[PDB]
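K.L.:
A single structure is presented below for examination.
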Amino acid sequence: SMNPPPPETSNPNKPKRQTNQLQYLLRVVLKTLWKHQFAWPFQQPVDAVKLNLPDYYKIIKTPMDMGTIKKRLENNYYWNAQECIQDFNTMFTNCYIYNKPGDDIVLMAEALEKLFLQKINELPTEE
Ligand SMILES: COc1nc2c(Nc3ccccc3C(C)(C)C)c(C(=O)O)cnc2cc1-c1c(C)noc1C
C-alpha cells in the first residue's frame, strides 16, 4: 500500500481552540477556495496510486490538502490561525515543488493562492 496515512485531522491530546480568526478561516477563506472551479485537485490527499505518481511521496514528505485543512477547522484541531495558514502554504509549496512551472496544476494553485493571500490580507483582529 504505497500511499501514506493521511495527515491527522483530530488528536485527543492536542489543545483545541476557537478564535474569531479561525472562524474566518473556515467561513470565508476555506469556503471561498473550496467552491472555486480549480479547487478539486486540492480537496483531498494526493492519491499517488490512483494517479500513477509513484514518486510523489518520495519527493513530498509533508503532504497537505484542503480536505485535511477543512476537517482540521471543523474539528477545532488548530490553536491559532498561523497553524492553518502554514498548512495552506505547505499545500501550495508542495504543488510548486513537485510539478513543473507553467503546468496547468501550477496555474490552478497560483490562482487559488492569489485568492488565499487576498483573504489573509483581510484577516480580522482577534476579539
Ligand atoms: C497533477 O497534479 C494533481 N493532479 C490531481 C489530479 N488529476 C489531474 C488534475 C489536473 C491535471 C492533471 C491531472 C492528472 C490526471 C494528470 C494527474 C486528480 C484527479 O484527477 O482526481 C486529483 N488530484 C490531483 C492532485 C494533483 C496535485 C496537487 C494538487 N499538487 O500536486 C499534485 C501532483
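Counting from -14, one number per residue, gives the positions in the sequence shown under the working numbering. Even for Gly, the Cβ is constructed at its ideal location relative to N, Cα and C.
1. Go ahead and pull the three-state DSSP assignment for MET49.
2. Which whole-angstrom value describes the C-beta separation of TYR42 and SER(-5), a residue pair presumed to lie in contact below a C-beta threshold of 8 Å?
3. Just the Cα atoms here: how many angstroms apart are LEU92 and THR75?
4. How many Å lie between residue 116 and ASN37 at the Cα?
5. Using the rule of at least 16 other Cβ atoms within 10 Å of the residue's Cβ for burial, across every protein chain shown, is residue 157 buried or exposed?
6. Run through DSSP, which three-state label would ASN74 get?
7. When you compare the segment 87 to 103 with the segment 11 to 24, are there three or more beta-carbon pairs, one atom per stretch, that lie closer than 8 Å?
8. Measure the C-alpha to C-alpha separation of residue 188 and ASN79 and round it to an integer number of angstroms.
9. Could you give the DSSP three-state label for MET(-13): helix, strand or coil?
10. Can you give the beta carbon distance from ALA66 to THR4, rounded, assuming they're within the 8 Å contact cut?
11. Which stretch, first to last residue, makes up the alpha helix (DSSP H) that contains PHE27?
12. Spatial neighbours of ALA96 within its chain, please: CB distance less than 7 Å, with the 5 preceding and 5 following residues excluded, ordered by chain position.
P.N.:
Answer, in terms of the structure:
1. coil
2. So it is not a contact: roughly 22 Å between Cβ atoms.
3. 16 Å
4. Here the chain comprises residues numbered -14 to 112, so residue 116 is not present and cannot be evaluated.
5. The requested residue 157 does not occur in the structure, where the chain is confined to residues -14 to 112.
6. helix
7. Yes, they touch.
8. The structure shown does not extend to residue 188, since the chain is modelled only from -14 to 112, so the question has no answer here.
9. coil
10. 7 Å
11. Note, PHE27: premise wrong, no alpha helix (DSSP H); not H, not E.
12. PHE23
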